[PDB]
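Engineer: Just dropping this structure here.
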Amino acid sequence: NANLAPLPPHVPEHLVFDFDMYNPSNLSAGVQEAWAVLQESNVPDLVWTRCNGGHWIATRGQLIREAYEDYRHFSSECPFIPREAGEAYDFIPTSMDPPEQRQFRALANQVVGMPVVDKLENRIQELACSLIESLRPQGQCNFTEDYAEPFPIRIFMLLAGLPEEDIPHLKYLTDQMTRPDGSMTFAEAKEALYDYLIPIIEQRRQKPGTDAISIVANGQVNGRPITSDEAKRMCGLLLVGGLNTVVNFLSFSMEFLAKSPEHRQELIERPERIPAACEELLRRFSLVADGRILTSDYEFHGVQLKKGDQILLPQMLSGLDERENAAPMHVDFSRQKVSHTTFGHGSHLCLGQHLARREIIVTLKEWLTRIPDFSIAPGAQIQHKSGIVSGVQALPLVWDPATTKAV
Ligand code: HEM
Ligand SMILES: CC1(C)[C@@H]2CC[C@@]1(C)C(=O)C2
Ligand SMILES: [K+]
Ligand SMILES: [K+]
Numbered sequence: 009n010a011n012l013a014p015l016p017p018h019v020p021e022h023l024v025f026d027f028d029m030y031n032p033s034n035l036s037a038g039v040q041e042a043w044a045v046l047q048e049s050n051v052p053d054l055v056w057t058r059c060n061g062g063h064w065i066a067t068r069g070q071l072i073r074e075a076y077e078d079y080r081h082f083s084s085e086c087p088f089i090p091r092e093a094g095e096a097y098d099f100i101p102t103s104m105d106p107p108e109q110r111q112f113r114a115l116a117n118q119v120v121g122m123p124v125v126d127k128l129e130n131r132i133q134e135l136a137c138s139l140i141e142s143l144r145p146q147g148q149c150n151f152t153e154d155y156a157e158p159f160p161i162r163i164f165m166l167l168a169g170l171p172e173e174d175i176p177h178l179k180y181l182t183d184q185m186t187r188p189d190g191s192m193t194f195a196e197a198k199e200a201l202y203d204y205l206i207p208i209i210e211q212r213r214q215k216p217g218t219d220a221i222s223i224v225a226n227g228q229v230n231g232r233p234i235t236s237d238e239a240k241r242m243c244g245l246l247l248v249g250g251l252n253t254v255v256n257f258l259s260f261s262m263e264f265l266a267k268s269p270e271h272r273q274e275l276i277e278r279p280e281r282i283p284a285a286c287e288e289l290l291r292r293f294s295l296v297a298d299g300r301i302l303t304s305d306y307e308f309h310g311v312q313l314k315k316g317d318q319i320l321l322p323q324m325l326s327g328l329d330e331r332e333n334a335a336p337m338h339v340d341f342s343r344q345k346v347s348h349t350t351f352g353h354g355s356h357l358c359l360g361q362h363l364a365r366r367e368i369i370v371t372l373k374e375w376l377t378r379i380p381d382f383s384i385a386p387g388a389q390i391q392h393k394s395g396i397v398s399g400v401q402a403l404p405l406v407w408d409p410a411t412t413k414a415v
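Using full-length UniProt numbering, you'd call the opening residue of the sequence shown number 9 and step up by one each time.
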């Protein structure tokens, strides 16, 4: 096939597995299911795909975790596939490895961490309730556009102090960086995101507000003032994380709940399990997959990796690995040890995970409280899209208003 890059001389031909992270062959079975083909009986722990320019792929949690811990060998400098995207990628602190990464990560943690999450509580609460109540009597909705997107995105735009009317443009840009439809390269999308931020950053460095952008823009990096460029590279990252992650995860979770009344009933009858349900769904419907670049030749698990080689370390796969969780594809809200790397692993552990869990848990209880019974619109063939961050194309839900209830 013309879509396969010539196998480099150092890569064993028996380790070739032409997986396409942007269009996996088994996609129709579900995106997680599609990626899980990498964990079928005769697939090695580490394979090489000739797709998207050619790159390694760690298929088991053990290797994924090990690689994310070894930043000296596996650098975040070029974290995205294809290589061109990885090279243009300069977001802070994600494109940096410790020790340099730390001073910036600390600043980022200050704008989206637990303390700020605690502060957004009521607003997150209020927004969830207002959106769901308005949908309730209608007995129908396009979940992705009617909740998954507006709920977490409006919260983020609130935190960032940006007008909601800017969401369409920003959402399109961040979409192109994770699930490219082809109308824009990662570099072009990045250039546009930065173009958007530049004047906003300059404005808030002059007239500081209390929003996340102002805090970053006027912040300090281990004692010294952050620069305009640094603030741009950090804010750009925050925007990408805030407009694509929780948005897509909510859809995977709700699609599942819509197709399984028994689980819904479990959460209805016993709402104290929602948090545990949240973690299990985070494991089962994990959706992120970025990676690293080899800093030098290095033998990893019996495989000769060469400097410059890119290796995809799918955060999504660790928790689906049967060597981490028995019956991985089964959703068990009572699962004893929910093992996963959904929020990453190592020095780059998701800073917005606390905000994400809050948004997910609030969604689960507030939705189930008002719309206990709902299903996927009859005949609907739900479609997933694969990428750095996988998602659900559309999720038409239906329900009988009579079975609902105001709160
Ligand atoms: C379902 C929700 C989310 C998932 C699954 C998720 C997942 C991840 C993953 C896997 C990484 C590590 C990437 C790497 O190691 O290269 C990461 C990093 C990060 N996430 Fe999230 N994330 C979520 C929500 C959020 C939200 C809402 C924000 C808020 C803006 C956010 C902010 C960040 C930041 C700033 C980093 C970079 C930290 C660093 O590089 O040191 N995330 N996230
Ligand atoms: C892989 C990610 C989820 C993480 C936050 C946004 C994202 C797409 C990045 O570029 C780093
Ligand atoms: K070879
Ligand atoms: K780079």
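We put the beta carbon where it would ideally sit given N, CA and C, even for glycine.
1. Run through DSSP, which three-state label would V51 get?
2. Which same chain residues, not among the five before or five after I234, have their C-beta less than 6 Å away from its C-beta?
3. Give a single yes or no on whether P14 has its beta carbon closer than 7 Å to a heavy atom of ligand 3.
4. Pick helix, strand or coil for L403, following the three-state DSSP scheme.
5. Output needed for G62: all residues of its chain with C-beta closer than 6 Å, excluding positions within five of it in sequence on either side, in chain order.
6. May I ask you to list the residues that DSSP assigns as paired with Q391?
7. Only counting runs of 4 or more residues, tell me where the alpha helix (DSSP H) segments fall wholly within the stretch 258 to 283, in order along the chain.
8. When every heavy atom of ligand 2 is checked, does at least one fall within less than 7 Å of the C-beta of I396?
9. Would you tell me roughly how many angstroms separate the C-alpha atoms of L376 and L403, rounded to the nearest one?
10. From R80 to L246, what does the alpha carbon distance come to, in whole angstroms?
11. Based on the DSSP output, what are the partners of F82 in its beta bridges?
12. Within 10 angstroms of the Cβ of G387, are there 16 or more other Cβ atoms? Answer buried if so, exposed if not.
13. Please state whether the Cβ-Cβ distance between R68 and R343 is less than 8 Å.
14. Would you mind stating whether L295 and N256 have Cβ atoms separated by less than 8 Å?
15. Using a 10 Å radius around the Cβ and a threshold of 16 neighbouring Cβ atoms, would you call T411 buried or exposed?
16. Quick test of the definition: if touching needs 3 or more C-beta pairs under 8 Å, does the stretch 26 to 40 touch the stretch 280 to 290?
17. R58 by DSSP, collapsed to three states: which one?
18. Look at the alpha carbon of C243 and the alpha carbon of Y202, and state the distance between them as a whole number of angstroms.
19. In three-state terms, what does DSSP make of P123?
20. For the beta strand (DSSP E) that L320 lies in, which residues bound it at each end?
21. Taking contact to mean 3 or more Cβ pairs, one atom from each stretch, closer than 8 Å, check whether the stretch 258 to 268 and the stretch 207 to 227 are in contact.
22. On a Cα-Cα basis, can you pick out the residue from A10, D237, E41 that is closest to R213?
23. In whole angstroms, what is the alpha-carbon distance linking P176 and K314?
24. Under 8 Å, do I140 and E367 count as touching if we go by C-beta distance?
25. Just how far apart, CA to CA, sit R110 and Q401?
26. Could you have a look at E210 and say whether DSSP puts it in helix, strand or coil?
27. Sorted by chain position, which residues of the same chain lie with C-beta nearer than 8 Å to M337's C-beta, five sequence neighbours on each side aside?
Structural biologist: Reading it off the structure:
1. coil
2. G227
3. no
4. coil
5. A13
6. BP columns for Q391 are empty, so no partner.
7. 269 to 277
8. yes
9. 17 Å
10. 25 Å
11. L302
12. exposed
13. no
14. yes
15. exposed
16. no
17. coil
18. 9 Å
19. helix
20. 318 to 320
21. no
22. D237
23. 41 Å
24. no
25. 36 Å
26. helix
27. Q40, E41, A44, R292, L328
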